[PDB]
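Consider the single chain below, provided in structure tokens and representing the form deposited in one PDB entry.
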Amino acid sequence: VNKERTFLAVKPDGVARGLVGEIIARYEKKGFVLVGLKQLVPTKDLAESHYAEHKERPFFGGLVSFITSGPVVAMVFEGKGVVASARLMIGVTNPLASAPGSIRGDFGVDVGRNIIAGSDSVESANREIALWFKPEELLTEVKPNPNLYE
């Protein structure tokens, strides 16, 4: 189904480096539809909840500290297979090993400053969307270019 949605966050390093527009344009060109979008400086509570799966790990603190250190651009994109497709467009965890053409492959060098993060599964996407966005902040009616889907 064409209504799958994923959550993407341009982290503070991506915003600070002026990469927001470049990133959004890659998803728009692909044909995914923007369904939610806003810039905010995450609070500690929102960050700890977002990274809750890592809470027992040592690196949890650093992830929380970094994401609340500056503005973040949060967005929700809709489309067929968007969850896995957006991860492929992002690259792998280590930017140095990500292929040229991917966001991290083209712009990043360090695991801890890897620019953007997207949901890893439909289930986590559904959880993340509900955490970061109020229902009224998301488009209800979506209309993709008519030349994108059979």
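All residue numbers are counted from 1 along the displayed sequence.
Form deposited with a small molecule bound: not shown, discussed below.
Q: Can all three of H54, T93 and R104 be found with a heavy atom no more than 4.5 Å from the small molecule in the deposited complex?
A: The answer is yes; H54, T93 and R104 each reach the small molecule.
Q: Could you spot which one of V33, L63, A125, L46 gets a heavy atom to within 4.5 Å of the small molecule in the deposited complex?
A: Spelling it out, the residue with a heavy atom inside the cut-off is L63.
Q: Tell me, out of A84, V111, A99, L40, which residue has a non-hydrogen atom within 4.5 angstroms of the small molecule in the deposited complex.
A: When the small molecule is considered in the deposited complex, the option within 4.5 Å is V111.
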